[PDB]
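Fold and contact review
What follows is the residue order along each chain.
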Amino acid sequence: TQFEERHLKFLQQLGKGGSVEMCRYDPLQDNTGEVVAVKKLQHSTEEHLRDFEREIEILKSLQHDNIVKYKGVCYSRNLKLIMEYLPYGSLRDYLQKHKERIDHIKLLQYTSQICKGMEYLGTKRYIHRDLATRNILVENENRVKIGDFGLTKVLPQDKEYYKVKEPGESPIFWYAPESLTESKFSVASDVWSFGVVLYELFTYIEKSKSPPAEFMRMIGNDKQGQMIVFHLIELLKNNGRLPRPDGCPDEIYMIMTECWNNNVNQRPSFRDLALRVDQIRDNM
Ligand SMILES: CCN(CC)C(=O)[C@H]1CCCN(c2cc(-c3c(N)nn4cccnc34)ncn2)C1
């Protein structure tokens, strides 16, 4: 079923990736249409549009409780991706709003769900490359979803990693060492990122304890540009890690540090992590 240009009514800006907007699809003109989320490119050029195209094929092929629902495409050659509107917004902002009102068993509900979405994403040999709580969204109290795939890559047939030859924006404070030195991206480096996401959850996304704040302190605030990359590689090669979050129980911190293993072979699988997290939840 089609989405006509003329019947997308702008409601609100939501954020920058493209840009993401809240719209009413109102083909009946009485404002009874569904509210949806629209992703559109900001500088649609032949290279970047092919990317957005590949990304849409990625999302459309993904069907899971914890991945945002693809709804359709809007044409005029210029693309608007139409997605379900998840009413509780960005997980990053939701955790900040309901600070400590969210207890440990609830944060583990969220952990488990993120984890399952990643495990499933692995069965199609996709690599997120951008797992971070500002790419997680909230549907309701009981339900979060991976909400963006702008940087996802597909594994090549014969390799278990992907080389990104000329990187664009790079969320380096979420990056595994091998990604930093070599641009090698794999399920295992998504696991590293998941560990950092677990860190984010348990700090309640308090900005003074965020990963960029914390690594910068460790390497010195006087580090700038490419020097940050150099020193972060060194720091991590020597087991410099994010601290245990304040109030974070032993066994959840344990999980993070297994994710942050320098040896890629020895990081856990998303399959084990989902079992592990659910075991803990039931124990509590
Ligand atoms: C992960 C989306 N993204 C692209 C990389 C962002 O940059 C977000 C970070 C910053 C905050 N921002 C939003 C998105 C939404 C929202 C939503 N409510 N539903 N939805 C369905 C698909 C997509 N995004 C939404 N809500 C609030 N803030 C965009």
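Let us look at empty space enclosed by the protein. Roughly 60 Å³ of volume is contained in the largest cavity. In terms of lining residues, the largest cavity is bounded by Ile172, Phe173, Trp174, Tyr175, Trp192, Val196, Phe215, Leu232, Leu236, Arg241, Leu242 and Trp260. At the level of elements, α5 (187–202) and α7 (226–237) are the ones that each hand at least two residues to the lining of the largest cavity. Of the residues in the lining of the largest cavity, the class split is 11 nonpolar, no polar and one charged. Considering only enclosed or pocket space, the second largest cavity measures out at about 40 Å³ in volume. What lines the second largest cavity is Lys39, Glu55, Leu59, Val68, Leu81, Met83, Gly147, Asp148 and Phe149. Those elements giving two or more residues to the lining of the second largest cavity turn out to be α1 (46–60) and β5 (80–84). For the lining of the second largest cavity, the per-class residue count stands at five nonpolar, one polar and three charged.

Turning to the environment of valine 196, a few remarks are in order. Mapped onto the elements, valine 196 comes out in helix α5. On the basis of relative accessible area, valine 196 is assigned to the buried category, the value being 1%. Taking the C-alpha atoms as reference points, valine 196 and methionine 83, separated by 113 residues in sequence, lie 27 Å from one another. In contact with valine 196, not counting residues within four places along its chain, are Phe173, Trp174, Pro211, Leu242 and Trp260.

Bridge analysis of strand β7 (residues 136–140) against strand β8 (residues 143–146) gives four bridges, and the strand direction is antiparallel. Residue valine 138 lies in a different strand from β8, and its bridge partner there is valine 144. Linking β7 to β8, which pair antiparallel, is a turn of two residues.

Rules used in this analysis
- Residues numbered from 1 in each chain as written, not as in the entry; some residues may be left out.
- Heavy atoms only, no water.
- 1 Å grid on protein atoms, 1.4 Å probe; cavity = no way out; pocket = protein on both sides within 12 Å on 5 of 7 lines; lining within 4 Å.
- Points joined across faces, edges and corners; volume = space filled by probe spheres on them.
- Helix = DSSP H or I, 4+ residues; strand = E, 2+ residues; numbered from the N terminus.
- Nonpolar A, V, L, I, M, F, W, Y, C, P; charged D, E, K, R; others polar.
- Buried < 20%, exposed > 50% of the residue type's maximum accessible area, 1.4 Å probe, protein only.
- Contact = heavy atoms within 4.5 Å.
- Pairing = 2+ DSSP bridges.

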